[PDB]
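Below you'll find only one chain, the form deposited in one PDB entry, shown as structure tokens.
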């Protein structure tokens, strides 16, 4: 099956490009990463940093997870990200998104061996 770590990468990683210099970015990425298959995932964040740099966050600032668990970590620095959220008219199966570029500290849930990101908790 798809591992939790693999899912995090498919849903949230995009090192392949430094940014989303296109209004079509989210529509294309949400679609290609299968985030529009059975429903339009409302909002989703893509991180534009190397997978290695994101994985390194798992040994950075230990902070509470949204659910109160102890395995979340916040990046010391802000990271380049793209926030994708449905437009007002977006209605499954015709998902449509608004692309917003930003730079924020990210918080990820980590697990396993190797200890890696398995959930994108939030960006602050």
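Positions refer to the first chain, counted from 1.
Q: For the higher mean C-alpha B factor in the entry, choose 90-98 or 24-32.
A: Averaging CA B-factors over each stretch, the winner is 90-98.
Q: Would you determine, from the values in the PDB entry, which of 49-57 and 36-44 has the greater average C-alpha temperature factor?
A: Per the PDB record, 36-44.
Q: Can you tell me which of 74, 82, 67, 70 has the maximum CA B-factor listed in the PDB entry?
A: Comparing C-alpha B-factors across 74, 82, 67, 70, the top value belongs to 67.
Q: Please rank the C-alpha B-factors of the chain's modelled residues and tell me whether residue 124 sits in the lowest, middle or highest third.
A: Ranked within chain, residue 124 CA B lands in the highest tercile.
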